[PDB]
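Quick heads-up: the structure tokens below are two forms of one chain, split into structure 1 and structure 2.
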Structure 1
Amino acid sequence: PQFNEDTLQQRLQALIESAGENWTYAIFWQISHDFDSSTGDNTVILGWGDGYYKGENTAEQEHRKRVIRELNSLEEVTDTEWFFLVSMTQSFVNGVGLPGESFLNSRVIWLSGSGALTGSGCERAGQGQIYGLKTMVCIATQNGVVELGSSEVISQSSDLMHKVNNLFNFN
């Protein structure tokens, strides 16, 4: 009952392989810091920690296929796969956006349905909805924020929250 980075990938896999509902992916946003010389403040910034993707036009597909094999270097690429990939380079200032609001106030933010996403005022929820997601969840942990996404509409179950609680650190 005090997890470290070394089991993070296993814990993300456990969360959605064992979950009773059809979750598409899980992401862990890790806390980092950005000291601001101009004001002397040490602001929390959330960035990519790890992730686990489960899953289910011509120019776009070719653009996506070209980025994938270019990454492979150093057949279809689906909307949710792309969203997952694109997520890797996002970051969030504490209190800002879906992961940031979750962390700042130590919140569970559960957005179920297309309208909950588009009405959230969070650009990441808007983006997820564009890529076909209908449920997005952020849950604040001791070391960051766990995010879940699904192309299905999923209500908050105590079973899932029980799994989250058994797989991450809480203050």
Structure 2
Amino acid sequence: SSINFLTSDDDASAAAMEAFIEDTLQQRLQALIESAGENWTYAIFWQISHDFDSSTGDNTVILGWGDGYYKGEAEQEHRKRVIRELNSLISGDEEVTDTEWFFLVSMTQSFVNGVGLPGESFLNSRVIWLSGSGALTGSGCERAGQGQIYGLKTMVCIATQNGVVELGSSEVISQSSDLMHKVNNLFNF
């Protein structure tokens, strides 16, 4: 089935981590990109938590997988991919494309406030809009770089009250005046 089932709530990141080695966010994420006039590949929502660093402090804000929705549009690599997909569904055939895979592996990732596109975005309450391959590879952010490797040409992070909405596409997409307001309605309240 579609990969949108493995994302929601299971403390999904833990699952993803060992596999790879407010609500419903999802429906709102789904509405967001379904409710849009550019071909977005996926939306993810990065949620805020707190860590407490060893041996010092530390009230450290951290962004982590909240949820996400994936619209969409070698053979060794592929066996590896389906294996982990079959694992993650298990805990707890059809081809696995680059964007699908990037979407899944994102479940394993987190960001110290101020660091990476999601952390920079949240720290400064910022919209960061990277459009075009050179925009991603020139960004100095390893997630943007990783996204570009997997075929993305647009990656966006928008700071919201509870976290950061991320949009990505394999197309070059300019910032729509309407798409920003939808993010307000769906993610701030």
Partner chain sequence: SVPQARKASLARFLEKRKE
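Here, a residue number simply tells you its place in the sequence of structure 1, counted from 1. For clarity, a rigid core is taken as the largest C-alpha set superposing within 1.5 Å between two forms.
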Pick one: which is the form deposited without the partner chain? 2
Go through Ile68, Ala116, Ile109, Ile45 and flag the only one whose CA is off by 2 Å or more between the two structures, rigid core held fixed. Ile68
Per-residue C-alpha deviation between the two structures [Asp36; rigid core superposition; Å]: 2.3
If you line up the core, how far does the Cα of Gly95 move between the two structures, in Å? 0.2
Keeping the rigid core fixed, what distance in angstrom separates the two C-alpha positions of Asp159 between the two structures? 1.0
